[PDB]
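Encoded as structure tokens, the following chain is the form deposited in one PDB entry, with no partner shown.
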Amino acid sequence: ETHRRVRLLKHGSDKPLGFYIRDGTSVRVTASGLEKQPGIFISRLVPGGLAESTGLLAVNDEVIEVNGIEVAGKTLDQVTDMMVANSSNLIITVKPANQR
């Protein structure tokens, strides 16, 4: 299965998380069919940050959920709000676009 839950930030609140996110409409084949929906993707991944430190995610990768709570279908505000709340434990689940 393509997605893995990665925890970003368990030590290092001084340094940046090391990644940026982006919103785009993702069309996937779901139980509903081909459905295009708001989705968050990795926009930039920065070396030196926790994202690169885990190095398990890539910029092409698509975000599924954060801390156990789905972001697939939420608004960019809602998902960022997750991340701000999950600042002590940012767990993001992504799937690579080029599969795993």
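The first residue of the sequence shown is number 1, and the count goes up from there.
Below, we turn to the form deposited with a partner chain bound, even though it does not appear here.
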| property | result |
| --- | --- |
| Contact assignment for its partner chain in the deposited bound form, among 46, 58, 69, 27, heavy atom within 4.5 Å | 46 |
| 4.5 Å heavy atom contact, residue 83 and its partner chain in the deposited bound form | yes |
| Close approach of residue 16 to its partner chain in the deposited bound form, 4.5 Å, heavy atom | yes |
| 4.5 Å heavy atom contact, residue 91 and its partner chain in the deposited bound form | no |
| is_contact(residue 21, its partner chain) in the deposited bound form, heavy atom dist at most 4.5 Å | yes |
